[PDB]
Amino acid sequence: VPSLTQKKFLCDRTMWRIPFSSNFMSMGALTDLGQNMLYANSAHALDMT
Amino acid sequence: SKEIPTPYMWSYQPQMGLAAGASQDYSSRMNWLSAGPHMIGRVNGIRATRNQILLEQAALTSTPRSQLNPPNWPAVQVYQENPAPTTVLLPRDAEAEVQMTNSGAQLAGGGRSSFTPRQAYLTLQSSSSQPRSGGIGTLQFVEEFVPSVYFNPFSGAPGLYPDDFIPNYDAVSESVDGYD
């Protein structure tokens, strides 16, 4: 019979994570954009979706 | 309390570029409540350094002005962008090239050309016609608007307070332009 594909994935036991560093690479406890002069003197609300 | 205050940190406005009204720093406080005398005199000895670093940073870096959070920045106190004048290489100077076609030779393709020996090229200004005013960028807000350490806080006449710490306050109207 003719047929169309349908692919998903499956992940369990763990959760996604998005690191705050610039290249999204974990190079320490603090991050690159973390110890910036920005975000450590100023405040920033965020408006996720 | 009044003597070693947790400093008012500002907030950045991405649209207008002004200061979005400051707020008390409420996301770096130590939880010194579970500590006896040999550390609560040490924790207060830490905040008394970041209230002195932020005063020896506010003199080295910020522009000395009267109205902190001004609504309209002047032209000279805002970082401009003056790149090099764009050197444009003109390919074929047509002062002797239109004579070549009128002799009868149609051209195609494209020194630089063999029929004419000269090749002039001009330069022109690459900056704007007027410098920019009204709103500072992100890196200017990195530079200026260090967290204002406000000693003996809210201790005076009305109008003598910093009224721009309210994150709703028009700087040239003495009023919140509210729902109207």
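The numbers here are math on the coordinates, done by the rules we state, and not lab data. Virtual Cβ from ideal backbone geometry, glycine too; neighbours counted across all protein chains shown.
With respect to B:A171, is the statement that it is more than 14 Å from chain A (Cβ to nearest Cβ), aliphatic (A, V, I, L, M) and closer than 23 Å to B:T63 by Cβ true? Answer is yes for this residue.
If you filter the stretch B:89-119 down to residues that are loosely packed, with under 10 Cβ neighbours inside 10 Å and either in contact with a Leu (Cβ under 6 Å, 6 or more places away or on another chain) or among the hydroxyl-bearing types (S, T, Y) (or both), you find that the one that is farthest from B:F141 (Cα to Cα) is B:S103. For the stretch B:113-136, the set of residues classified as of a type outside the set (G, A, S), out of contact with any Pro (no Cβ under 9 Å at 6 or more places or on another chain) and closer than 30 Å to B:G17 by Cα consists of B:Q130, B:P131, B:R132, B:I136, listed by residue number. When the stretch B:14-53 is limited to residues that are over 19 Å from B:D164 (Cα atoms) and among the polar types (S, T, N, Q), the one that is surrounded by the most Cβ atoms within 10 Å (Cβ to Cβ) turns out to be B:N51. The set of residues in the stretch A:14-44 being within 26 Å of B:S23 (Cα to Cα) and aliphatic (A, V, I, L, M) consists of A:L30, A:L33, A:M37, A:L38, A:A40, A:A43.
For B:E144, the conditions (1) surrounded by 10 or more Cβ atoms within 10 Å (Cβ to Cβ); (2) away from chain A (no Cβ under 14 Å); (3) within 30 Å of B:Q13 (Cβ to Cβ); (4) charged (D, E, K, R) are fulfilled apart from (2). Screening A:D32, A:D47, A:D12 for residues that are within 23 Å of B:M9 (Cα to Cα) and more than 14 Å from chain B (Cβ to nearest Cβ) leaves exactly one candidate, A:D32. Selection of the stretch B:150-171 for residues being more than 17 Å from B:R65 (Cα to Cα) and of a type outside the set (S, T, Y) yields B:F151, B:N152, B:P153, B:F154, B:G156, B:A157, B:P158, B:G159, B:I166, B:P167, B:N168, B:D170. Filtering the stretch B:81-96 to residues that are outside any strand (DSSP E or B) and either under 43 Å from the mean Cα position of the chain (by Cα) or not charged (D, E, K, R) (or both) leaves B:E81, B:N82, B:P83, B:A84, B:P85, B:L89, B:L90, B:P91, B:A94, B:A96. Scanning the stretch B:8-29 for residues that are of a type outside the set (G, A, S) and either more than 17 Å from B:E143 (Cβ to Cβ) or part of a loop (DSSP other than H, G, I, E, B) (or both) yields B:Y8, B:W10, B:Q13, B:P14, B:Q15, B:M16, B:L18, B:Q24, B:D25, B:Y26, B:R29.
Could you say whether any residue in the stretch B:17-26 is under 29 Å from the mean Cα position of the chain (by Cα) and more than 14 Å from chain A (Cβ to nearest Cβ)? Taking every residue of the stretch B:17-26 in turn, none turns out to be under 29 Å from the mean Cα position of the chain (by Cα) and more than 14 Å from chain A (Cβ to nearest Cβ). The number of residues in the stretch B:115-138 being of a type in the set (S, T, Y), part of a loop (DSSP other than H, G, I, E, B) and over 14 Å from the mean Cα position of the chain (by Cα) comes to 6. Being closer than 20 Å to B:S27 by Cβ, surrounded by 10 or more Cβ atoms within 10 Å (Cβ to Cβ), within 18 Å of the chain's Cα centre (by Cα) and more than 14 Å from chain B (Cβ to nearest Cβ) holds for only one residue in A:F20, A:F24, and it is A:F20.
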